[PDB]
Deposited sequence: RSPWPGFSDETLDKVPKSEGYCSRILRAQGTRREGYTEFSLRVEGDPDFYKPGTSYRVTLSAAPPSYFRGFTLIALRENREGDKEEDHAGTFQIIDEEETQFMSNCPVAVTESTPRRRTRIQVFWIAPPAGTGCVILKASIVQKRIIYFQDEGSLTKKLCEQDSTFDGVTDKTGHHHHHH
């Protein structure tokens, strides 16, 4: 896209299931328009991350719901790409969380995508454990 290009500039592609996981609490099968979901990004022990990004896109542009910050000490909108969420400061973390408010009916499938930096290498993928797709109910 455009934010995507910025977010991937220094990136190492690692597809599939990895020690870093993007999940939605309650493991929903689909989204309901306008519902808020708690999205989490975490490291399996003893791993951690120092930085991340998180973006939602339409299956690709950006009328893809709305993030809402839960923890201002740990996370913020990225000024470079205001629709994306990112760390407030580099520091070792094992979990971050945010709200995502599902878009209006007729939007179609949304893909939530996270990138992760632990030390120097920035990891991203198109599919796997940093990727969560949710569609409207069949």
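Visitor: Mind pulling out the bits of the deposited sequence that never got modelled, as residue ranges from 1?
Guide: Unmodelled stretches, in sequence order: 1 to 19, 79 to 84, 164 to 180.
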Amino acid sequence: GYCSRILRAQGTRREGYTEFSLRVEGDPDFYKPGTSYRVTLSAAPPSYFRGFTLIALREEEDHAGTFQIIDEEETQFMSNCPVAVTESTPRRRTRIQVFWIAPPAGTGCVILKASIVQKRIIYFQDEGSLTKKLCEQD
From here on, numbers count along this sequence of modelled residues.
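Visitor: For the higher mean C-alpha B factor in the entry, choose 95 to 103 or 60 to 68.
Guide: It is 60 to 68.
Visitor: Lowest, middle or highest third: which one holds residue 34 when the chain's residues are ordered by CA B-factor from the entry?
Guide: Middle third, going by the recorded CA B-factors of the chain.
Visitor: C-alpha B factor of residue 125, ranked within the chain: lowest, middle or highest third?
Guide: Ranked within chain, residue 125 CA B lands in the lowest tercile.
Visitor: Could you say whether, by C-alpha temperature factor, residue 115 belongs to the lowest, middle or highest third of its chain?
Guide: Middle third - that is where residue 115 ends up once the chain's C-alpha B-factors are sorted.
Visitor: Compare the C-alpha B factor of residue 10 with those of the other modelled residues in its chain, then answer lowest, middle or highest third.
Guide: As the PDB entry reports it, the C-alpha B-factor of residue 10 lands in the highest third of its chain.
Visitor: Could you tell me which third, lowest, middle or highest, the C-alpha B-factor of residue 76 occupies within its chain?
Guide: It falls in the bottom third of the chain.
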